[PDB]
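Below: the structure, in structure tokens.
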Amino acid sequence: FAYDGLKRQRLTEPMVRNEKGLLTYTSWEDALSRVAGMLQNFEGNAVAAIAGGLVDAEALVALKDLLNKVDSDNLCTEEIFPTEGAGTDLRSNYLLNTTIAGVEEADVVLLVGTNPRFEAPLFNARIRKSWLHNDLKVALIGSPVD
Amino acid sequence: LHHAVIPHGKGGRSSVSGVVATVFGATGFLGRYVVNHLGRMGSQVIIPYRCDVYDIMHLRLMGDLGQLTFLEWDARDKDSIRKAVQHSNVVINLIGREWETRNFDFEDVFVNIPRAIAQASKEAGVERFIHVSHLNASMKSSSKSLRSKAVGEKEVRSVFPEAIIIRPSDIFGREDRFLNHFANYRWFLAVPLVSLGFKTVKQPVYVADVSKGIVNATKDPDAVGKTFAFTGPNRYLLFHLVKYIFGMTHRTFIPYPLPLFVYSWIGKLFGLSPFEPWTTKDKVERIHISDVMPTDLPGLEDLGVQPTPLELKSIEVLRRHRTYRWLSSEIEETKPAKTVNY
Amino acid sequence: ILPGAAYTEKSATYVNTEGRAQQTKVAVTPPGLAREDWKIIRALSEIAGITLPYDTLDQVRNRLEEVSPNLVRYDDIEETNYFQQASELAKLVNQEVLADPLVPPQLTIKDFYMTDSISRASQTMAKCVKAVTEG
Amino acid sequence: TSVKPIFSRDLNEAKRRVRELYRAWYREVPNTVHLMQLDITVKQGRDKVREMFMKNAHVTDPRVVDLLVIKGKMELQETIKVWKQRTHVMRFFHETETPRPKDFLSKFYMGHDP
Amino acid sequence: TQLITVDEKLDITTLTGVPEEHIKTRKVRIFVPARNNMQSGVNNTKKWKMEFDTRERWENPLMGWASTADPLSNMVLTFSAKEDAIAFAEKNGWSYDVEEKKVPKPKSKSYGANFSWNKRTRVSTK
Amino acid sequence: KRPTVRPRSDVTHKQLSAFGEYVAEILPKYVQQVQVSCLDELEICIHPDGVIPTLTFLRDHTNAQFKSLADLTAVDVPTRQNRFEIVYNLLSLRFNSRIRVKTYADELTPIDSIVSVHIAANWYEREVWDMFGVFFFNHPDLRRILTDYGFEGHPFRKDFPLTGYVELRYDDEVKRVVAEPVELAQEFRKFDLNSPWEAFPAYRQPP
Amino acid sequence: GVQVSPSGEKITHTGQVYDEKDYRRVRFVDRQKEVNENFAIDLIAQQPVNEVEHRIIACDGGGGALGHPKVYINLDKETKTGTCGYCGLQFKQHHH
Amino acid sequence: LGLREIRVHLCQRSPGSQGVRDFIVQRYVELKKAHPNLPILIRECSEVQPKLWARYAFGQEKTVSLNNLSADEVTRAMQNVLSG
Ligand SMILES: NC(=O)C1=CN([C@@H]2O[C@H](COP(=O)(O)OP(=O)(O)OC[C@H]3O[C@@H](n4cnc5c(N)ncnc54)[C@H](OP(=O)(O)O)[C@@H]3O)[C@@H](O)[C@H]2O)C=CC1
Ligand SMILES: [Zn+2]
């Protein structure tokens, strides 16, 4: 039902600031030239990028390659994962290694700091399917929810 | 950009270009090519016409449905212009004429009309105004048309300082008055030229290149407020040009010299025609006026056009004049024209 | 501001909590002068003195394979079996928990309908919130 | 790897046929720029012939080559005879098709097409 | 007229009048169309389909209709198997990304489970 | 007896089946998968090497005088490796019976012409060539028949778009009719109409 | 009704009108914009509620085979009024 | 030098990549203790030839195969990368 947002508050044209500091409409050539100049005059640790959540791997890798070619590695996300320890060096540390279909084989499940209902429903729906058929026993370290 | 002006498509008859043009003078030799090149890439063309609706048919097909919007106007009525430029983002004044009328003077078409069009385009929010002056235009020329044209571009720029002014040379095409004229002299069995054609230089350009240049200046952001000189790649002497003409026409070329003080009288006589005259004193003086040298002015190669030499596009104009004996004769049979630098 | 594309407007690889790379497909084109993001960035590079090698999408995905080859195995999940080492390593940080009761941000459904921009720009999700909060 | 041959049991005989066809076209171009009153030279026509021939230079299967030669002979017939007018001949030159650039960046500025 | 040794991969592009554009710049999709969840019919989940990449569609200024410069916008071909589609694509010179067929998994089902003494299958909605 | 259904007679079925056995055992070298339909129609499928012999036998033989070539068609089935199903529908005035002969071809697998048998096939084979791309042998004048004089493609191939790749118009610049890539003001609307519920269980394809 | 916009263009019953800055209004220069002045919504609002003494009423429109398919409308909710889905006629339970 | 990342590619069940898994389990821990702030990425896939991508400053990447080695060749290649 949130496909109605793709029809509203959309960016359809490249914008840029005018002398007054207001956002005006311009071309691709002009804006990309501005950005290319600013990028030319900067180098590592003064450039930085940030991803938002609806981004695709292609844009991520392209921006990483760009920033790398200008020596920056401050590529960051908005979501906080701890690099303390193994961090992103190992996928085992930031994945669902017991894949969603693994909740059907499980006997006990322990939820920590999650409301999987509002956060990943289909996962909560799978947990309920198991709770129904395979007599799964759930536990939760967190705030009490339904 | 307004949501309905964003260009969409591949640049075809049914695509969108983002161009909403008002072309004054579309019913002429050059306006038809301009409108063709505009409706070919999917732009809206507003074509104000004073003529009969039977003389816009050749235009009615060179644009997809709704891309061409016709309008009845009058140069004297100023509202007739506001209603036309009321919605455009470009205006292209091609208005001109090679002779004066009972009701219009060179001044009227070359100075006042452009000036009013420019006033209205400025007052109406237009971003671009393309004006078409002449290359040889000057406030010190023997011809009256060129003086008037220079005055007109001065006024257009004093009323619309960001006005793209385009200054072409003698244009040649199918429906022209330059190559067809130099071919139709034959009806008088000989070619009268001043100084025997020498001392005069001509740098003519194909009309399709001019139309491409206009249509590209419509959306070229480095061209605002600039002047251009649309000229062909090769310069010729009137003698060799007309000889090459009669070569493509395969007619007999009998040139003889003629001073200008009697050729202009001939032109006056011919201009007394209440219909479209075959020649005029001003057309005479416009001929035999040498061609200015590029003199640093920007041009077609700066708009994005590679000029087409006359030796490739002359036969499609001059095969209509040949006889059955010479129709099929190829292009290579004619010896090309001498090129000069001067 | 460089207007990009949405998930209904481009082809893109998105990876889920498991590592299952899944590809989107184009149903619509971006509005107005909006464009694919990697396209924007490659054009940006070309305009600068930089120039990224890839001009197409297959090349971008070959680059993906280079960096991480789990991003191209579509609909597949790759086993990973190196937790012992990560634990040996992470048993050496001297930080302790704060004892604050860790609670989730989405505590009820009125905190569920609007979480990203596509949702905050939806009149329908607003109708939903206005129904739930009212009763 | 075993199939039936149309005419040529190898690429060399197909090349012989292709050369015969090239000769025919090279000899015909002048007669049809004369007859059809085309407004081009004789060199442009032969350059266009060579370009249309190279357009399919990459082929290696003799059957594809044989069928291409058949199509070329069909067209050469349609042209030797005046069954086709100057319109269909000048279709080859694409005098009006705005030439799309091969520059990634221009293709980026105009449209979403790759 | 005996046999001949071709010993190469088939290529039909030069005989199909298809422009360089719509052969080099086209990504075909090969797949078994997914069941429509508004219906419980499974008869359109049998034959393999071939669908092309989607391209621009812009409103026509006059009326407001959808326009295209994509001839293959509505091209759909039907095959009985996956290898047939892959062969057709290779032959015609297209690039393809295949998608395996999704068959539902067999499911244990019992009407007694709805009535149980100790399990949670016990339903309260008869 | 029922007024909506169609009266069905088995006598014609038997006649055509017996004649099919006749043809099959008199031309074993070429015949494949003879078959007869619920509606009374005989279909004889063959190897293309047998085209001329089969058609000549069916024209000249005494118990088979199919000497009028009604139609000659092709059918693109991109699934099978040999797409084009060439069809020869024939008629016997002596027996007031029809028959259909079918072969198979490919983009690069031509067959032989039958103008030596039925002169009616000149234009039909030209049409097959123009529409599907099948090439015939020993054809007197094999050229295009229906398409434009410089048309690229074979439009009846399922892989060919209904609207084509080009589009014509008149350009005042060149003063000629020119061909430009297609661009439509309204795009053809593809309607998915197939019902998802099996409709004829007699034609069910076992998995 | 047919209300006009700041540009003078009339707003159709669909709520459609061109913005003052829209170039697409040249098609209406020296010409007119065809609108239907009889808005069906206002008209069907001007019609009255047909009371009935039965809890379930049918509506074929009028003329039988000249109207719309016969639908049956429930009229239990005394606050609301039942509206045909084809026509816009309203019905109310007289005795509630 | 200007080294920024080390990313290891390998398989989970294959002989050629057997040297990389042993290397990992035995020494990745110690090596990541020595260099704590240096990304050392392991993205194991299926039917992938094992490689070691070392990308230095200004986006310039190297690649040295590791097909059918022991853990010691892997260690020597990795330390050669580190040192430079
Ligand atoms: N050799 C050439 O063609 C050259 C042309 N130019 C410039 O190019 C422009 C056009 O050239 P060309 O097209 O050949 O000229 P044309 O005479 O071929 O057509 C000119 C246009 O001017 C319009 N026009 C003239 N006077 C009036 C008027 N009083 N009221 C309304 N409309 C009027 C005509 O409309 P209608 O015909 O319906 O009255 C006609 O469409 C001119 O401005 C000229 O200076 C520059 C250099 C050389
Ligand atoms: Zn009703």
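Chain labels follow the order of the structure tokens: the first chain is A, the next B, and so on; residue numbering restarts at 1 in every chain, and ligands are counted from 1 in their shown order.
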
- Selection: 10 Å around segment 21-31 of chain F, only C-alpha atoms, excl. self and same-chain fewer than 2 positions, as a list in words: residues 16, 17, 18, 19, 33, 34, 35, 44, 45, 46, 47, 48, 49, 50, 51, 53, 54, 57, 58, 63, 64, 101, 102 and 103 of chain F

Got time to write the residues from that selection, N, CA and C atoms, as a PDB file, in the first residue's frame?
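Once written, result_12.pdb looks like this:
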ATOM      1  N   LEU F  16     -10.875 -42.131 -44.234  1.00  0.00           N
ATOM      2  CA  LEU F  16      -9.619 -41.398 -44.216  1.00  0.00           C
ATOM      3  C   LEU F  16      -8.529 -42.174 -43.491  1.00  0.00           C
ATOM      4  N   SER F  17      -8.883 -42.940 -42.459  1.00  0.00           N
ATOM      5  CA  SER F  17      -7.884 -43.750 -41.772  1.00  0.00           C
ATOM      6  C   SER F  17      -7.367 -44.866 -42.670  1.00  0.00           C
ATOM      7  N   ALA F  18      -8.259 -45.512 -43.417  1.00  0.00           N
ATOM      8  CA  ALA F  18      -7.826 -46.547 -44.348  1.00  0.00           C
ATOM      9  C   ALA F  18      -6.913 -45.964 -45.416  1.00  0.00           C
ATOM     10  N   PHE F  19      -7.290 -44.811 -45.974  1.00  0.00           N
ATOM     11  CA  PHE F  19      -6.425 -44.181 -46.964  1.00  0.00           C
ATOM     12  C   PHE F  19      -5.097 -43.754 -46.354  1.00  0.00           C
ATOM     13  N   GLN F  33       3.856 -40.209 -38.663  1.00  0.00           N
ATOM     14  CA  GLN F  33       2.727 -39.793 -37.832  1.00  0.00           C
ATOM     15  C   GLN F  33       1.527 -39.342 -38.671  1.00  0.00           C
ATOM     16  N   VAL F  34       0.966 -40.296 -39.414  1.00  0.00           N
ATOM     17  CA  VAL F  34      -0.368 -40.099 -39.965  1.00  0.00           C
ATOM     18  C   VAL F  34      -1.349 -39.934 -38.815  1.00  0.00           C
ATOM     19  N   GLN F  35      -2.392 -39.136 -39.029  1.00  0.00           N
ATOM     20  CA  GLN F  35      -3.385 -38.963 -37.981  1.00  0.00           C
ATOM     21  C   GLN F  35      -4.656 -38.363 -38.556  1.00  0.00           C
ATOM     22  N   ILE F  44      -1.098 -35.948 -43.010  1.00  0.00           N
ATOM     23  CA  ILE F  44       0.029 -36.831 -43.281  1.00  0.00           C
ATOM     24  C   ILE F  44       1.302 -36.019 -43.109  1.00  0.00           C
ATOM     25  N   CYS F  45       2.093 -36.365 -42.102  1.00  0.00           N
ATOM     26  CA  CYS F  45       3.343 -35.676 -41.827  1.00  0.00           C
ATOM     27  C   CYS F  45       4.504 -36.482 -42.390  1.00  0.00           C
ATOM     28  N   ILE F  46       5.498 -35.778 -42.928  1.00  0.00           N
ATOM     29  CA  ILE F  46       6.544 -36.400 -43.727  1.00  0.00           C
ATOM     30  C   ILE F  46       7.878 -35.716 -43.478  1.00  0.00           C
ATOM     31  N   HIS F  47       8.932 -36.374 -43.928  1.00  0.00           N
ATOM     32  CA  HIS F  47      10.250 -35.770 -43.987  1.00  0.00           C
ATOM     33  C   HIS F  47      10.366 -34.916 -45.249  1.00  0.00           C
ATOM     34  N   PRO F  48      10.977 -33.733 -45.164  1.00  0.00           N
ATOM     35  CA  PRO F  48      10.964 -32.826 -46.320  1.00  0.00           C
ATOM     36  C   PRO F  48      11.613 -33.403 -47.561  1.00  0.00           C
ATOM     37  N   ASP F  49      12.498 -34.389 -47.418  1.00  0.00           N
ATOM     38  CA  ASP F  49      13.050 -35.057 -48.588  1.00  0.00           C
ATOM     39  C   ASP F  49      11.971 -35.744 -49.411  1.00  0.00           C
ATOM     40  N   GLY F  50      10.788 -35.947 -48.838  1.00  0.00           N
ATOM     41  CA  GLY F  50       9.689 -36.615 -49.497  1.00  0.00           C
ATOM     42  C   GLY F  50       8.634 -35.710 -50.093  1.00  0.00           C
ATOM     43  N   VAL F  51       8.857 -34.397 -50.112  1.00  0.00           N
ATOM     44  CA  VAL F  51       7.822 -33.460 -50.543  1.00  0.00           C
ATOM     45  C   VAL F  51       7.358 -33.784 -51.958  1.00  0.00           C
ATOM     46  N   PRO F  53       8.055 -36.351 -54.138  1.00  0.00           N
ATOM     47  CA  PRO F  53       7.470 -37.685 -54.354  1.00  0.00           C
ATOM     48  C   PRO F  53       6.070 -37.823 -53.787  1.00  0.00           C
ATOM     49  N   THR F  54       5.847 -37.368 -52.554  1.00  0.00           N
ATOM     50  CA  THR F  54       4.527 -37.497 -51.947  1.00  0.00           C
ATOM     51  C   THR F  54       3.479 -36.740 -52.749  1.00  0.00           C
ATOM     52  N   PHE F  57       2.813 -38.344 -56.138  1.00  0.00           N
ATOM     53  CA  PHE F  57       2.018 -39.555 -56.000  1.00  0.00           C
ATOM     54  C   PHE F  57       0.559 -39.222 -55.735  1.00  0.00           C
ATOM     55  N   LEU F  58       0.302 -38.256 -54.854  1.00  0.00           N
ATOM     56  CA  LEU F  58      -1.072 -37.896 -54.535  1.00  0.00           C
ATOM     57  C   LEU F  58      -1.770 -37.195 -55.691  1.00  0.00           C
ATOM     58  N   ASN F  63      -6.011 -43.915 -57.281  1.00  0.00           N
ATOM     59  CA  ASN F  63      -6.852 -43.834 -56.093  1.00  0.00           C
ATOM     60  C   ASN F  63      -6.621 -42.563 -55.297  1.00  0.00           C
ATOM     61  N   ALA F  64      -5.746 -41.677 -55.763  1.00  0.00           N
ATOM     62  CA  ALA F  64      -5.484 -40.405 -55.100  1.00  0.00           C
ATOM     63  C   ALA F  64      -5.235 -39.365 -56.180  1.00  0.00           C
ATOM     64  N   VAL F 101      -0.872 -32.340 -46.041  1.00  0.00           N
ATOM     65  CA  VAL F 101       0.480 -32.863 -45.905  1.00  0.00           C
ATOM     66  C   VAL F 101       1.332 -31.805 -45.224  1.00  0.00           C
ATOM     67  N   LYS F 102       2.129 -32.227 -44.248  1.00  0.00           N
ATOM     68  CA  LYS F 102       2.938 -31.319 -43.453  1.00  0.00           C
ATOM     69  C   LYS F 102       4.395 -31.749 -43.456  1.00  0.00           C
ATOM     70  N   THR F 103       5.282 -30.757 -43.482  1.00  0.00           N
ATOM     71  CA  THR F 103       6.712 -30.967 -43.311  1.00  0.00           C
ATOM     72  C   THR F 103       7.225 -30.044 -42.216  1.00  0.00           C
TER      73      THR F 103
END

- Query: So which residues are near ligand 2, meaning at most 12 Å away with only C-alpha atoms and all ligand atoms counted, given back as a ChimeraX atom specification?
  - Reply: /G:44,50,57-64,66-73,82-91

- Message: Can you pull out the residues contacting residue 22 of chain E? Cut-off 12 Å, using only C-alpha atoms, and skip same-chain residues under 5 positions away; I want them as an MDAnalysis selection string.
- Response: (chainID D and resid 113:114) or (chainID E and resid 13 16:17 27:28 52:53 55 69:73 92:95) or (chainID F and resid 160:161 165 181)

- Could you give me, as a PyMOL selection string, every polymer residue with an atom at most 7 Å away from an atom of ligand 1, counting only C-alpha atoms and all ligand atoms? chain B and resi 25-31+49-51+74-75+94-98+104+109+132-134+167-172+176-178

Interface list for chain E, partner chain B, 10 Å threshold, only C-alpha atoms, as a short mmCIF file (atom, residue, chain, number, x, y, z; two decimals) with N, CA and C atoms, in the first residue's frame:
data_model
loop_
_atom_site.label_atom_id
_atom_site.label_comp_id
_atom_site.auth_asym_id
_atom_site.auth_seq_id
_atom_site.Cartn_x
_atom_site.Cartn_y
_atom_site.Cartn_z
N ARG E 55 11.16 -0.37 -21.44
CA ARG E 55 11.75 0.90 -21.83
C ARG E 55 10.75 2.02 -21.55
N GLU E 56 11.10 3.23 -21.98
CA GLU E 56 10.36 4.42 -21.60
C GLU E 56 8.93 4.39 -22.11
N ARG E 57 8.05 5.04 -21.36
CA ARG E 57 6.68 5.31 -21.78
C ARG E 57 6.31 6.71 -21.33
N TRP E 58 6.09 7.60 -22.28
CA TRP E 58 5.84 9.00 -22.01
C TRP E 58 4.45 9.39 -22.50
N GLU E 59 3.76 10.20 -21.71
CA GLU E 59 2.43 10.65 -22.08
C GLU E 59 2.47 11.44 -23.38
N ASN E 60 1.48 11.22 -24.22
CA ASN E 60 1.34 12.04 -25.42
C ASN E 60 0.72 13.38 -25.04
N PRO E 61 1.33 14.50 -25.42
CA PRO E 61 0.80 15.79 -24.98
C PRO E 61 -0.64 16.02 -25.40
N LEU E 62 -1.00 15.61 -26.62
CA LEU E 62 -2.34 15.88 -27.14
C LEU E 62 -3.41 15.27 -26.24
N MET E 63 -3.44 13.95 -26.14
CA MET E 63 -4.48 13.25 -25.38
C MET E 63 -4.03 12.88 -23.97
N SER E 67 3.05 6.45 -24.96
CA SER E 67 3.81 6.29 -26.19
C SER E 67 5.07 5.48 -25.92
N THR E 68 5.64 4.94 -26.99
CA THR E 68 6.87 4.17 -26.89
C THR E 68 7.67 4.28 -28.17
N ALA E 69 8.98 4.10 -28.03
CA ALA E 69 9.88 3.86 -29.15
C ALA E 69 10.44 2.45 -29.07
N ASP E 70 9.71 1.56 -28.41
CA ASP E 70 10.14 0.19 -28.16
C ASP E 70 9.23 -0.77 -28.91
#
